[PDB]
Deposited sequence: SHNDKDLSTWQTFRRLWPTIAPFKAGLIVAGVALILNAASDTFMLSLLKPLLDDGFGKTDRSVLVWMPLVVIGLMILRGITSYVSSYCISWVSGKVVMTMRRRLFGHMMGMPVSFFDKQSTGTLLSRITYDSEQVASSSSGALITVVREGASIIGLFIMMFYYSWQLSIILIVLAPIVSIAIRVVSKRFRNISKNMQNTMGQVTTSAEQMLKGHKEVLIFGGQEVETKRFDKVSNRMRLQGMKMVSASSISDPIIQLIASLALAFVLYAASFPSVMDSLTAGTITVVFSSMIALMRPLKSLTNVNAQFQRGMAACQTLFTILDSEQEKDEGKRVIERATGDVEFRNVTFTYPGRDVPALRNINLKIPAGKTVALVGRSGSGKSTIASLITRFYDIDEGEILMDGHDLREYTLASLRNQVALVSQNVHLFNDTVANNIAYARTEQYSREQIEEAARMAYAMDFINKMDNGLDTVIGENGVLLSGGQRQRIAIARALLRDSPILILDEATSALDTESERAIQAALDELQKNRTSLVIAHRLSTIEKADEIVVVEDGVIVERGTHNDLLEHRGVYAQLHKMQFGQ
């Protein structure tokens, strides 16, 4: 029921190209016939060819075989080009549909699943569905035409032998069933090696090389034993299946011996009746496995309809702000991550007056990073109110709201393009290269850019292979600087502070934070002390706050928190 209902959810995507499937379909039909017409000629070559008629061996055969193969070769080229064309069109339509849909999903959708899983949905599953269905379509028709093309030729040239094979087919069918039914370690290998490379530091001291080598020996030998097992199982099945089929066909030949049968048979008749019986062994093998591949094709497809049926983040705000030099205010905000029942943030009131930088410090796991995630509306809240310019964040459209925020973090993912186009990301045409180039030196990122071979027009290549942890940060700063966003969110938990030129990064932040609202998950001592207000978060609550005469002494946790970092 499901297996076929999914395909019918999929057919609409295919229907614009059905024009390619039928043309392929006929190309398949004529291919089976051409292969059937050559087993046909096998009788005139033997009987007529050696019934004292060199007429047939010179005329009939050498030129009809070349004729049939041209037809055979063109039908193959055509069906191949149609299926491939249709198969290409649907995978593209689907990859594109999932790319757009997944991109519009909320961050809750990305938390559950791996990024590679969602990427597998686009790269492989989308291709496996058309692969499994195309082959399904080919086998149903191509070998469905051959099987009837061959069965006719069988009975016509000798009804006696054919009906002896058919009566045996039920028993053979049941026999191939019982044997085809008799048709973790890899995870341990990857783990045993990964946690070795993880603890290489701890393996050198304590001298664990020995216990690690023999831990691996076990794990590597166990997967080798599982590896041989699967092939061994697979190996034996077909030899038996061939044996079974050979028995029945042998019995059919012991039948041709009887004088009533042999008299009807010539040298050619039997040669084609057994050549066509043998030609039936591949179509039968294909036609029995075809619904198993259609299943796996549609199971991968309902996976993607599960994704496509998922709902994109809700953007019902109908309010637009050109630019907001203004404060962000939390009004008794309480938040709980979906799937968790203990609020990450309890009753919280926080004010970030315009132009001022509020550095919030907190324990590594606390909901300090949850605060900067709520302002950008990665998640909607359960109770309370967050006001930007005295109006709820949910009042605004999400595009306008996020135009006011700029994110800066080491882990800011850098996309595959020029340095310059990363800095002017999604606004390349807006900013002149002079505007770009200035933002680069104002971020102290130029010190390493000119070292690059083409400098600013050098392209970050192969998924970001060239840049270092510290380098990305100064490009993230240049991106926010150039865009000049009213609200600055600065992630310093992921910063990787120990760098070759940290003083360069620090002054950049100095320039960026200035005359600009800034909300920083701070780990650095310098960005902390030269910040307008400090805010401590303990679990879901704010324990104590303080300015500059309060920075001298805090009532709550600051003394122990500062002492640790």
Gaps relative to the deposited sequence fall at 1-6, 190-197, 580-582
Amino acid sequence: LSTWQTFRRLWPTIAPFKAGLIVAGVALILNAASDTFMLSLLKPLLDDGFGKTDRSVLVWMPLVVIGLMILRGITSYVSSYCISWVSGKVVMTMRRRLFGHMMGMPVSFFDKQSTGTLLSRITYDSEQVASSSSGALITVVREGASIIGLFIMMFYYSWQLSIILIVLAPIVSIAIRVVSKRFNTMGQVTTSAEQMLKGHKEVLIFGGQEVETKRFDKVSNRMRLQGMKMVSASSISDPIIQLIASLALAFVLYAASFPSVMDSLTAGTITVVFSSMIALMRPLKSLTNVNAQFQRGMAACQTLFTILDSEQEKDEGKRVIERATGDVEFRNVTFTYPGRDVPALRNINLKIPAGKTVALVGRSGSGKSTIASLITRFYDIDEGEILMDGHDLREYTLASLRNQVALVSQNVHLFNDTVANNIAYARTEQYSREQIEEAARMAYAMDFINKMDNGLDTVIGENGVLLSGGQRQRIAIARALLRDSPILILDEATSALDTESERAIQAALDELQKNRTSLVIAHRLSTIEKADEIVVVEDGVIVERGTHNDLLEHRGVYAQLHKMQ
From here on, numbers count along this sequence of modelled residues.
Taking the mean of the C-alpha B-factors per stretch from the entry, tell me the winner out of 186-194 and 398-406. 186-194
Averaging C-alpha B-factors over each stretch, which comes out higher, 362-370 or 212-220? 362-370
Of the residues 132, 242, 291, 87, the one whose Cα carries the largest B-factor in the deposited record is 291
Considering only 450, 271, 173, 162, which residue's Cα atom bears the greatest B-factor as recorded? 450
Would the CA B-factor of residue 446 place it in the lowest, middle or highest third of its chain? highest
Within this chain, which third does the Cα B-factor at residue 309 fall in: lowest, middle or highest? lowest
Which third of the chain does residue 246 land in by C-alpha B-factor: lowest, middle or highest? lowest
Can you work out whether the C-alpha temperature factor of residue 357 puts it in the lowest, middle or highest third of the chain? middle
So, residue 329's CA B-factor, relative to its chain, sits in which third? The middle
